[PDB]
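**Q** experimental structure below, sequence on top.
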Amino acid sequence: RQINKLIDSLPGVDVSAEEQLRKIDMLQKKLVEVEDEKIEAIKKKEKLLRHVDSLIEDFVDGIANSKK
Amino acid sequence: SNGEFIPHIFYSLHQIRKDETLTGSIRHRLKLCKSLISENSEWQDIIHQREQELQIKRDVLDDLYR
């Protein structure tokens, strides 16, 4: 019964291979595209961090011109 | 300083000015007044400075929003 459960639990096999190869190629394409998207997102986040930096130097200039 | 300890001296001083222990008590309170005042336009200037800090920071945040 364990053998029956295992042969029924194996992934769906096919008599042809064009399906598998097609899947492989598609997955490669998705990999490239998602990599590019990652690059763009990183760039945007960098820009925002630059902005809030700018705010911080504003504050530092404020207190520096203040207390002393 | 405290202003409640001064009329108490002025009452007896009035009595003495109208007429050793009386003037002795008067001096005994006057010494406490000496130590009190000794322990305890200008501030306006200072007020403005403190607020100067507050104003600069508010302007920065206003730089973020606008």
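**A** Cool, got the structure. Numbering: from 1, shown residues only, chains lettered A, B, ... in the order given.
**Q** quick check: residues of chain B near chain A?
**A** B:52-53, B:56-57, B:60, B:63-64 (Cβ under 8 Å from any Cβ of the partner chain). For every residue, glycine as well, the C-beta is placed using N, CA and C.
**Q** count of neighbours near the closest residue in space to residue B:37 that isn't next to it in sequence?
**A** Distance criterion Cβ to Cβ, 6 or more residues apart in numbering or on different chains; nearest residue to residue B:37, sequence neighbours excluded, is residue B:1 at 5.5 Å. Counted with other Cβ atoms under 10 Å in any protein chain shown, residues neighbouring residue B:1 total 11.
**Q** hey, C-alpha coordinates of the lengthiest helix in chain B in CSV?
**A** In chain B, assigned by DSSP state H, the helix with the most residues is helix B:42-65. What follows is helix B:42-65, C-alpha atoms only, in CSV (Å, rounded to 0.1, in the frame of the first residue of the first chain):
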residue,chain,number,x,y,z
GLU,B,42,17.4,90.4,29.9
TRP,B,43,15.1,87.3,29.7
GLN,B,44,13.3,88.8,26.7
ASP,B,45,16.4,88.4,24.5
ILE,B,46,16.8,84.9,25.9
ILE,B,47,13.2,84.0,25.0
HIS,B,48,13.7,84.9,21.4
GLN,B,49,16.8,82.7,21.1
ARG,B,50,15.1,79.6,22.4
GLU,B,51,12.3,80.1,19.9
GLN,B,52,14.8,80.6,17.1
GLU,B,53,15.7,76.9,17.4
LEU,B,54,12.1,75.9,17.3
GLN,B,55,11.5,78.0,14.2
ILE,B,56,14.4,76.6,12.2
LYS,B,57,13.3,73.0,12.7
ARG,B,58,9.7,73.8,11.7
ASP,B,59,11.1,75.4,8.5
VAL,B,60,12.9,72.2,7.7
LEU,B,61,9.8,70.0,8.0
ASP,B,62,7.9,72.5,5.9
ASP,B,63,10.7,72.0,3.4
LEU,B,64,9.8,68.4,3.2
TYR,B,65,6.1,68.9,2.7
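**Q** lovely, talk soon.
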